[PDB]
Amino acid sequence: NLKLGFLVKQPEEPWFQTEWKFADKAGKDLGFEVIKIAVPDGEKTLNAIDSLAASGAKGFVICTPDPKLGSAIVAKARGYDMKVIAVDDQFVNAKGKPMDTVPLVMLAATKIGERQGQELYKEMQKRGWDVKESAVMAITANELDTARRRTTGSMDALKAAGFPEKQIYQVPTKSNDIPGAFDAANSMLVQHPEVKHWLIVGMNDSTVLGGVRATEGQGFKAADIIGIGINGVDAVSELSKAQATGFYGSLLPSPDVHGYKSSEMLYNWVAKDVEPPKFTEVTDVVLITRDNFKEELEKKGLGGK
């Protein structure tokens, strides 16, 4: 039957695993086969497309490991008469500007970043921390736009709620995973012995979790640390632990919607030249904590907790 690709940069994250599961559902519903491929670097990305072409695939959905590979992906796909849809990470040209012509499906990055900071501040208030001895550790991935709108949004929200701007410290992470964030947080932590309580800002669950793991290694106990991640599905193993940790909760978006809808739209495009909207922004978000994560995932059909 019709074969369609679903290429993701980080197959190890439950976030992409979930996109793959719902693309499969779209396939069963619409009558297509989904070829699931991992594209963790640029070389694998370009090679994977050649592979799709040998398999007979008519197009693919892709979350690129690098926005700057956009030109190349488009050139190759065009050579093979394949339609492409981007999911989560937008393609950019050489200069860093958006390839607005490639359909994109993504979450509302600024808005979810802002919700992260609002919830950080509220939980801080609930605990009664003295602002004078508190600080925000912002672990950033500024070369990736979607990551950058989320952390800027969170810092903006904290500043709007009145968190002192001079107590907001930013540190770049070399990889968007636990090991990179861990390293990044550890180097910021020893620069600030004066701080007794930390707010950890990061664009996704893995980033926040690396930050939390580093604070633990420097002697902070869970009461003095608040980290709220983004993805939701990626935090289930943390929230499932017996004891509470500095990872307070996660903002759960809709990876299920991202997997089904991008796949369904690709299909309609390939099968009926039905042109997708250029930009699909999904605004859904719920805060999951130790207390409600299993109810909330089951309510969304992302069952098991």
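In case it trips you up, residue 1 is the first one in the sequence shown, and so on.
Taking the PDB entry as given, 282-290 carries the higher mean Cα B factor of the two stretches 282-290 and 7-15.
Just going by the entry, 266-274 versus 56-64 on mean CA temperature factor gives the higher value to 266-274. Comparing the listed residues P164, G113, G232, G202, the entry records the largest Cα B-factor for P164. Reading the B-factor column for the CA atoms of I85, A160, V195, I139 in the entry, the top value corresponds to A160. Per-chain ranking of the deposited C-alpha B factor places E133 in the highest third.
Among all modelled residues in its chain, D224 ranks in the lowest third by Cα B-factor. In the deposited entry, the Cα temperature factor of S254 places it in the middle third of its chain's modelled residues. Placement of the Cα temperature factor of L30 within the chain: highest third of the modelled residues, per the deposited record.
The PDB entry assigns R213 a C-alpha temperature factor belonging to the lowest third of its chain's modelled residues.
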